[PDB]
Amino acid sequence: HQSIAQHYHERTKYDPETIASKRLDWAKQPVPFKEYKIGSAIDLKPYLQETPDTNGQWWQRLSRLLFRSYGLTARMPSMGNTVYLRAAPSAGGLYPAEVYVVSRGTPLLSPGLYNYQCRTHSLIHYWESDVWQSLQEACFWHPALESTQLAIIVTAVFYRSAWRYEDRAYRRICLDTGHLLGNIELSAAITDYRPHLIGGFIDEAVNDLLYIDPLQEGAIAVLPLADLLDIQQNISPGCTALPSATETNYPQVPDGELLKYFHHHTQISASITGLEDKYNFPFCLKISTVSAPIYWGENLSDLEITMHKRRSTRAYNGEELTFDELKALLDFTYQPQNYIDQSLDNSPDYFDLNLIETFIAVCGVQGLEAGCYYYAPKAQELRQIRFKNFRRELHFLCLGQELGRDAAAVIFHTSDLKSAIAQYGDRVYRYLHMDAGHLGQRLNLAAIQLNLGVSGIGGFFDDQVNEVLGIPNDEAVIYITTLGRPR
């Protein structure tokens, strides 16, 4: 019998037979920022600067870490108003993620709870008390909390995405959040911090600790921030993910009620007690993807510029990528060990990349036949599984978007959901989508650094993808990332 994550997935697919048979409540379009009536505001803008104090140097690092992670980087006009685009992309420009900072209490940062205000690049200190032990208990005394003095917690304000995507919003929320997680690790590197990803925590406890309404908002990632300038905080990566239960006895949940049901049925509760790529394709054509690394400038200066200017490309011109360009994108995304000499982490935390497979539809990469390839990141190989021009198909698969038709290459992240659930329970659904978004952000940043076009695609004809591209039946497509040359 299917578990609730499989049911959720099935219920949120798009089907060409029914997509036409499926009105936004504008009176209700959410404002994607939180308001606080009580608390001290800490303005971070004075520290987002140039040159020419050790306390100021500390605030500059926190200010920059937050700004490069989730700061406002552009504005658009929209129905008589302005949408502010951010460092992290978001399905529909809806921004379900909220960033909090939790302080253990240091001589510079009072203890308690802080909300990151994108609009003003400030922190609102809305609760001053020592909350660290409560956070430790909620995360099963994770060792990363013992060494550190502050943590980011990322939550999702469900309605921000559900307003548009209804129950399908849970996929988009987790993807959006994964993109933000990718910025956090890169932004941290820039500022000599390392985040320690904690996906395994007692939801009830974390949500209580933040004083948020769990029907409207819920924590999905806890990230202690280790200060790499403190020898004592250069700690080993730890357990990034824990299992939830597997629920097979779910009731019939009406449309519109499934997203919250699913979030509340993927929680973790207090305890009662206490190296080969997956698909060998041995008789298929294999092509090495070994690449020289992307150069990010002195002291990651070009990574900073790229993070600031990064936008999702509206349209492609249909021109080709070079194979070197494709290899460089894959290298930065999947081979972080090749960036240690540029001060990036050789192994940034994910929940579990072993659960995610990568397939690439290639339509316009010079030196590569058009078709579908399995990407084997451990071996650093593309293995050709189909030989065909897939432009027309990809156009359809991406819900009719020209981005799919005109892309040079389209990267599909997939997962065998049954197997994933067997390991981490239904909560693995969160982990998969956050990991795919994290990979996605690395791909987006690499593309922009290389003067290429890129855009995620959240909605697609789920079942039809495998059929067209030759992706093994057991692999459910989780996310799509298009790559091309900008129009």
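Note that residue numbering begins at 1 and tracks the sequence as displayed.
(message) For the step residue 52 to residue 53, what size class fits the number of deposited residues with no coordinates, none, 1 to 3, 4 to 9, or 10 or more?
(response) Going from residue 52 to residue 53, the model skips 4 to 9 residues of the deposited sequence.
(message) In terms of residues present in the deposited sequence but not modelled, what lies between residue 22 and residue 23: none, 1 to 3, 4 to 9, or 10 or more?
(response) In the deposited sequence, 1 to 3 residues between these two have no coordinates.
(message) Comparing average C-alpha B factors as deposited, tell me which of 350-358 and 263-271 sits higher.
(response) That would be 263-271.
(message) Please compare 422-430 with 29-37 and name the stretch with the higher mean C-alpha B-factor in the deposited structure.
(response) The recorded data point to 29-37.
(request) Going by the CA temperature factor in the entry, name the top one among 217, 176, 203, 276. (result) Each of 217, 176, 203, 276 was compared by C-alpha B-factor; the highest is 276.
(message) Checking the record values for 112, 251, 400, 371, which has the greatest CA B factor?
(response) Within the set 112, 251, 400, 371, 251 shows the top C-alpha B-factor.
(message) How does the C-alpha B factor of residue 326 compare with the rest of the chain: lowest, middle or highest third?
(response) Tercile = middle for this residue's CA B-factor.
(request) Can you work out whether the C-alpha temperature factor of residue 70 puts it in the lowest, middle or highest third of the chain? (result) Ranked within chain, residue 70 CA B lands in the middle tercile.
(message) Is residue 230 in the lowest, middle or highest third of its chain when residues are ranked by C-alpha B-factor?
(response) It falls in the bottom third of the chain.
(request) For residue 243, return the chain-relative third of its C-alpha B-factor as stated in the PDB record: lowest, middle or highest. (result) For residue 243, whose C-alpha B-factor we compare with every modelled residue in the chain, the answer is the middle third.
(request) Rank-wise, by C-alpha B-factor, drop residue 58 into the lowest, middle or highest third of its chain. (result) For residue 58, the deposited C-alpha B-factor lands in the middle third.
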